[PDB]
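For reference, the chain that follows is the form deposited in one PDB entry, supplied as structure tokens.
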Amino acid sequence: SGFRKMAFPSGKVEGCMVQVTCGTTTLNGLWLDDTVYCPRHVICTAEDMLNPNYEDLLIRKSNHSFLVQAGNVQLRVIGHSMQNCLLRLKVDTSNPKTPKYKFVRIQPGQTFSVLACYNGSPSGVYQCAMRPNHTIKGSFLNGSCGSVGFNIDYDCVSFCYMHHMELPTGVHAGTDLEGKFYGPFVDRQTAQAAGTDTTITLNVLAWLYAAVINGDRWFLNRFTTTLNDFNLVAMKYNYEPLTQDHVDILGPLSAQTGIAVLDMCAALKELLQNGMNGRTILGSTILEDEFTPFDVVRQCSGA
């Protein structure tokens, strides 16, 4: 019993974290096989950040310009190149702790674990969602760039996020591991801002199923709804429209609990319109949207 925001164990990722220094700037990199990946902004002076020509800035850098440390062991850089917003530093040693891995680009609404790191040293782990506006509501301080986000599936690590910057509202932006940003953001000094965000409807419905599995049932009613009529209430309360794909994804949780997807939608509609009337759901007074259907099933497991 119980339901917690839960992160993947971080060890397989800790074994890949290194410190990358270029001049006075230090941040983190990810060492997989004989390559270290890190944000390309590591090569920039403060002045360069205002209008960087990264191609031209990189050409003036030498392999010797980069100091890479794995723990207390220096790794010699033998090649450097750029891939989108990442630097790929080829090194003289293949990481013996490289896990089975994949690079994946995740979709808005999906969740992942973040291993916050400073100076190549892991400091904490937490679970996030990629928001509809392509930011994450993380916890990052200066020095955290190059920290990564990931999921783990049967000992295979799917890396999905590398941290590049904080935005003025204090939320966070980065790239996939091919170096393409999530969202319209750019790695240079501009007035860019996160767009308006939305609540992740599918995740809220998942979390209601989790509540039911854990014994909180008070919000279930005898009301019914159609997809159209639900989406009218979603729109008013700044929720994403529910789609048929979303309904299908909720099939397994619906079958386990015996509550029809549209019946849970009727429960959510009443929660939106009326509040909780002094009650809690899994100890929350807010409707949580950072658990996916997969997270619920994984954590509540079998029987």
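Take the two forms, find the largest set of C-alpha atoms that superpose within 1.5 Å, and that set is the rigid core. The first residue of the sequence shown is number 1, and the count goes up from there.
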Legend entry - Between the two ranges 51-59 and 32-40, the one averaging a larger CA B factor in the entry: 51-59
Legend entry - Mean temperature factor over C-alpha atoms, higher-scoring stretch between 206-214 and 220-228: 220-228
Inset, instruction - Go through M235, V68, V247, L27 one by one and give the residue whose Cα B-factor in the PDB entry is largest. - result: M235
Inset, instruction - Pick out which of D187, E166, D176, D155 has the highest C-alpha B-factor in the PDB entry. - result: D155
Inset, instruction - Pull the Cα B-factor of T292 out of the PDB entry and bin it into the chain's lowest, middle or highest third. - result: lowest
Legend entry - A303, C-alpha B-factor rank within chain (lowest, middle or highest third): highest
Legend entry - CA B-factor ranking of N142, expressed as a third of its chain: middle
Inset, instruction - Place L282 in the lowest, middle or highest third of its chain's C-alpha B-factors, as listed in the PDB entry. - result: highest
Inset, instruction - Would you mind ranking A129 by its C-alpha B-factor against the rest of the chain and naming the third, lowest, middle or highest? - result: lowest
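As for the form deposited in another entry, it is not shown, yet the points below apply to it.
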Inset, instruction - Align both forms on the core first, then report whether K180 has a C-alpha shift of 2 Å or more between this form and the one not shown. - result: no
Legend entry - Rigid-core frame, C-alpha of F103, shift of 2 angstroms or more between this form and the one not shown: no
